[PDB]
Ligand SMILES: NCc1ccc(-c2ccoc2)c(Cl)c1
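Okay, here we've got a single chain as structure tokens, the form solved without this ligand, with questions on binding and movement later.
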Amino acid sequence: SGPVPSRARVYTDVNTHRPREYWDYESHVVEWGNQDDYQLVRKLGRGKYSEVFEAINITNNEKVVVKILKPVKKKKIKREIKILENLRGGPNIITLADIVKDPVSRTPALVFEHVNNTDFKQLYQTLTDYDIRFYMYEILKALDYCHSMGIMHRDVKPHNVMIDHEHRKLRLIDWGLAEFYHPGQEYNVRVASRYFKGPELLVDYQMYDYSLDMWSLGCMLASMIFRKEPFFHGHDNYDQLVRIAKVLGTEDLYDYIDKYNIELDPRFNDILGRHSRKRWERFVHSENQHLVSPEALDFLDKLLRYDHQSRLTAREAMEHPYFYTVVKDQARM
């Protein structure tokens, strides 16, 4: 018969208990402002597939970031707006300041609070042990918040984390793939960037939850403490699962597939083979050993599980011994 159903271990019913308007983004009515309140200063480098500008609010001479929404379903645009409005003011969440259309092209754009175009990817292979712990804890505050608000990010990766290293400030950005969690909803598995895709995405298990973000976070942590970018380096989406299976082992993979009665794409039958679960010590060498501790490996091991239900929640992660010194230093401000 079909795949075995799954529910989030935490924040399972939070959208059900909200008014319909909170999560029913298709029925959201946007008041569209005038892009002529803003003057674009310069294009920010965000890849071939993104149009983001530094701009000035000409009324108050404030710096902002403008994101021009490349043509895409109006439903996706409402979804990102409604999620950004719901999360506005949450810890380490980017602030949506305005929603505007070009008066001529009528192209929709999002206006955000200014952040420097310094993403985590530029910094996260040069950090101290303490700074990896510090910024991981700041990312967890954003994830525990959006999860508690019934939202999964689904595109957690270094490029989507903006850091002001001088002020030790972080923002989680690009909510364009984010969704509301509803118990029993089957989601699109064609989300996230290859190297950060959870096993649920790779084996086509659609009834996933907030725990997807916790896999992505584990991939980022592994890349940082082992200085191995990316940690799971697949040629394509099929090879991605093989790269995972060569570390996590095939026994736990086939147990996962059996537990949720997953129908494994036939292409997997040749390429997964048979692999032991590897000890993390295998990835430790003289140029990363200063970032690796028993605490870091214990924490990483609890994020990188095939079974999405087994992974730490954001709040459980924030309680791990890996963050004791960060928590203590925060309480003393």
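For every residue, the number given is its place in the sequence shown, counted from 1.
Quick note: we don't show the form deposited with this ligand bound, though the next part is all about it.
With the partner omitted here, the residue from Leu212, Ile151, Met220, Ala142 that has a non-hydrogen atom within 4.5 angstroms of this ligand in the bound PDB entry is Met220. Although the partner is absent from this view, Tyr135 contacts this ligand in the bound PDB entry, with a non-hydrogen atom inside 4.5 angstroms.
None of the heavy atoms of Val247 is located within 4.5 Å of this ligand in the bound PDB entry.
Though the partner is left out of this view, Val66 does reach within 4.5 Å of this ligand in the bound PDB entry, counting heavy atoms only. Taking the partner from elsewhere, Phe120 is found to have a heavy atom lying within 4.5 Å of this ligand in the bound PDB entry.
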